[PDB]
Amino acid sequence: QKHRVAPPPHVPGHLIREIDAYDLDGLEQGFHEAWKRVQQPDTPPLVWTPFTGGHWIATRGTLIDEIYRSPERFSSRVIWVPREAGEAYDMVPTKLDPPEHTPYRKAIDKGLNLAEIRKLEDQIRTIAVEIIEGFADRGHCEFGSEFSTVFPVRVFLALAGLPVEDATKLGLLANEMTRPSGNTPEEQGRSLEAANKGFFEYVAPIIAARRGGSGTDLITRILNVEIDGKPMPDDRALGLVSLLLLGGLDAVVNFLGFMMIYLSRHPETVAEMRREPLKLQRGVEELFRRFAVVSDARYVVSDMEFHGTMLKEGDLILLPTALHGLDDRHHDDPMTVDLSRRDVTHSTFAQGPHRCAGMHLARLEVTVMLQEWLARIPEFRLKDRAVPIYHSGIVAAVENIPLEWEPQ
Ligand code: HEM
Ligand SMILES: CC1(C)[C@@H]2CC[C@@]1(C)C(=O)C2
């Protein structure tokens with residue numbers, strides 16, 4: 001049964017569209033394909049859905065980009081739908097606007113900046129190689145369970161100085177954050193609340209132990225950056241360390257799944273990467289344009305008119321980032337990966353002050369993955385008649401990716 005909310009007085013009937021972000025129409029054909037169904041040639045730039053507590057959806061890249069760049073008009077005080085889940089959300093600094101946001105982003109950047117991430121290249125490669133060598137000679141693997149859910153998790157837990165045996169419990173918490181269970185806005189609120197508490201419980205003893213610590217891990221490094229000339233307060237620390245874990249463990253895992261399904265269906269594109277290693281390296285951003293996974297929200301700060309649409313203070317707008325990278329008004333033939341594409345502009349990492357702090361790490365993980373994969377498994381395909389299983393939500397997910405190849 002679908003839960004509907006009635007539209008508020010300011011929402012006109014002509015803008016109403018029945019779109020369920022947690023179970024998109026057509027999702028069985030793919031997450032990206034399902035979102036693209038919403039973006040028809042004449043659909044309005046902002047449409048309102050009665051599902052998920054009732055909210056707006058931005059349907060074009062220019063709006064998505066503009067909203068992310070405009071925190072004074074579109075606040076991060078709520079960035080999840082439904083509203084109940086967004087109000088329960090307690091991660092730092094994603095819940096903050098400038099200027100409160102900036103010293104915390106500065107702290108994170110101390111650990112995740114490009115120069116710091118470059119130092120990680122060989123550790124990441126060693127991890128990728130070890131995993132790939134486990135199955136490269138076999139001629140088949142289920143890519144999700146055997147690689148994409150393994151590689152980025154081992155990378156991040158190592159970087160954070162945490163036991164790999166914690167992967168399962170952290171993954172379960174991530175699932176309920178980004179794809180909370182429930183068929184009602186209040187049920188999803190409760191699911192997110194419990195997940196966020198689980199993260200806080202996990203992170204608290206680590207914080208207590210690493211304050212003033214001498215560890216070289218990511219958490220110690222960021223935790224001990226001063227905020228306004230003082231140690232970071234406890235409440236902020238819980239949200240900050242929890243966000244590092246959530247950011248590091250869900251998005252890349254799912255991104256790799258979507259990317260690999262495409263590559264398994266496009267051997268010409270794989271072959272180009274093999275023949276021209278610089279095309280691979282320079283082409284990674286095109287993969288980020290094509291395989292967006294995040295759809296999150298902003299809070300309308302004041303009554304306003306925006307792109308010809310009347311908005312009220314407190315309205316939530318969902319930003320499905322796939323609708324920037326795949327917007328046909330921004331990119332010709334947007335569903336094809338063209339490694340030589342000159343304009344790859346996208347909001348896969350969002351825009352503005354919150355633009356992904358882990359983007360350098362994400363790019364490096366993907367680059368290293370493709371390099372070590374193609375070195376050992378140069379050609380591959382999706383198993384005949386295989387059907388991947390898709391999930392939509394704040395972060396998209398995919399599973400069941402059986403790959404086959406002739407061992408080289
Ligand atoms: C495919 C990979 C990734 C994608 C698509 C992605 C996407 C995003 C997006 C859209 C945001 C903006 C959220 C918002 O404010 O609405 C964000 C923020 C953030 N991401 Fe990533 N992310 C990825 C990987 C990572 C990784 C590996 C980390 C490592 C810790 C990370 C850490 C963060 C952090 C800390 C923020 C908050 C930055 C701030 O609020 O100033 N992300 N990410
Ligand atoms: C939307 C995100 C990808 C970004 C980092 C992790 C995530 C789930 C957040 O809560 C903010």
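All heavy atoms count here, side chains included; hydrogens, waters and symmetry mates do not. Counting convention: from 1, in listed order, for ligands and their atoms alike. This chain uses plain numbering: 1 for the first residue, then up along the sequence.
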Could you see which bit of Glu365 sits under 4.0 Å from ligand 1, with heavy atoms only: side chain, backbone, both or neither? neither
Show which atoms of ligand 1 fall inside a sub-4.0 Å distance from at least one heavy-atom site of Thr94. 37 (C), 40 (O)
Within ligand 1, which atoms have a heavy atom of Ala350 less than 4.0 Å away? 10 (C), 12 (C)
Do side-chain atoms of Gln40 reach the backbone of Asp42 as a donor and acceptor pair under 3.5 angstrom? no
Below 30° counts as parallel, above 60° as perpendicular, anything between as tilted: where do the rings of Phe380 and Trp373 land? perpendicular
Is there a heavy atom of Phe288 sitting under 4.0 angstrom from any atom of ligand 1? yes
Below 3.5 Å, N or O to N or O, backbone or side chain included: is there any such pair between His354 and ligand 1? yes
Nearest to atom 14 (C) of ligand 1, what protein heavy atom do you find, and at what distance? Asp296 OD2, 3.3 Å
Output the list of atoms in ligand 2 that are nearer than 4.0 Å to some heavy atom of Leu246, sorted by atom number. 8 (C), 10 (O)
Give the residue, atom name and distance (to 0.1 Å) of the protein heavy atom nearest atom 2 (C) of ligand 1. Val252 CG2, 3.6 Å
Is the closest heavy atom of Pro93 to ligand 1 under 4.0 Å? yes
Is there a nitrogen or oxygen of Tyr89 sitting under 3.5 Å from a nitrogen or oxygen of ligand 2? yes
Short N/O distance, under 3.5 Å, between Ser347 and ligand 1? no
Close aromatic pair by centroid cut-off 6.0 Å: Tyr262 and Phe291: yes
Give me the residue, atom name and distance of the protein heavy atom closest to atom 11 (C) of ligand 2. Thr94 CG2, 3.8 Å
Here's a test for you: under side-chain contact (heavy atoms from CB on, under 4.5 Å), which of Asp235, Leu244, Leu240 qualifies with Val92? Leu240
Is it true that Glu285 and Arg341 make a salt bridge, defined as a side-chain N closer than 4.0 Å to a carboxylate O? no
Establish whether atom 6 (C) of ligand 2 and some protein heavy atom are separated by less than 4.0 angstrom. yes
Do the side chain of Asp315 and the main chain of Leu311 share a donor and acceptor less than 3.5 angstrom apart? no
Starting from atom 38 (C) of ligand 1, locate the nearest protein heavy atom and write down its residue, its atom name and how far away it is, to 0.1 Å. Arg105 NH1, 3.5 Å
Does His101 reach ligand 1, in the sense of a heavy atom lying below 4.0 Å from it? yes
Got the closest protein heavy atom to atom 25 (C) of ligand 1, with its distance? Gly247 O, 3.5 Å
Just to confirm my output: which protein heavy-atom neighbour is closest to atom 4 (C) of ligand 2, and how far is it? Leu243 CD1, 4.7 Å
Under a 4.5 Å cut-off applied to non-hydrogen side-chain atoms, are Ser148 and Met260 in contact? no
Report the relative orientation of the aromatic rings in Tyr390 and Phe258; use parallel for angles under 30°, tilted for 30 to 60°, perpendicular for over 60°. parallel
Numbered atoms and elements of ligand 1 in range of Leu244, under 4.0 angstrom, heavy atoms: 30 (C)
Nearest to atom 5 (C) of ligand 1, what protein heavy atom do you find, and at what distance? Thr348 O, 3.4 Å
Between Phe147 and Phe143, how do the two ring planes meet: parallel, tilted or perpendicular, split at 30° and 60°? parallel
Could you tell me whether some N/O pair between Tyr68 and ligand 1 is separated by less than 3.5 angstrom? no
Nearest protein heavy atom with distance in Å, relative to atom 42 (N) of ligand 1: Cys356 SG, 3.2 Å
List ligand 1 atoms under 4.0 Å from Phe255, heavy atoms only on the residue side. 1 (C)
Taking only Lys NZ, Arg NE, NH1 and NH2, and the carboxylate oxygens of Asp or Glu, determine whether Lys110 and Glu226 approach each other closer than 4.0 Å. no
Atom indices of ligand 1, in the order listed, that fall short of 4.0 Å to a heavy atom of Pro353: 41 (O)
Quick note on ligand 1: atoms under 4.0 Å from a heavy atom of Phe156 include exactly 29 (C), 30 (C)
Polar side-chain atom of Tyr104 near backbone of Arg236 as donor-acceptor pair, under 3.5 Å: no
Note: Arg69-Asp65 ion pair, threshold 4.0 Å (strictly below): yes
Residue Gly247 vicinity, atoms of ligand 2 by number, heavy atom under 4.0 Å: 5 (C), 6 (C)
Atom 3 (C) of ligand 1 sits nearest the protein heavy atom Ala251 CB, 3.5 Å
Atom indices of ligand 2, in the order listed, that fall short of 4.0 Å to a heavy atom of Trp80: 8 (C), 10 (O)
Would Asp90 and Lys197 pass as an ion pair if we require N to O under 4.0 Å? no
Could you tell me whether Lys119 and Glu116 have a side-chain N and a carboxylate O separated by less than 4.0 Å? yes
Atom 34 (C) of ligand 1 - nearest protein heavy atom and its distance: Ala357 CB, 3.9 Å
Okay, side chain of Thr367, backbone of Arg363: is any donor-acceptor separation there less than 3.5 Å? yes
Below 4.0 Å, non-hydrogen atoms only: which portion of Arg298 touches ligand 1? Side chain, backbone, both or neither. side chain
Side-chain (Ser264) to main-chain (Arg381) donor-acceptor, under 3.5 angstrom: no
Of all the non-hydrogen atoms in the protein, which one sits nearest to atom 3 (C) of ligand 2, and at what distance? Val294 CG2, 3.8 Å
Between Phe74 and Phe306, is the gap from one ring center to the other below 6.0 Å? yes
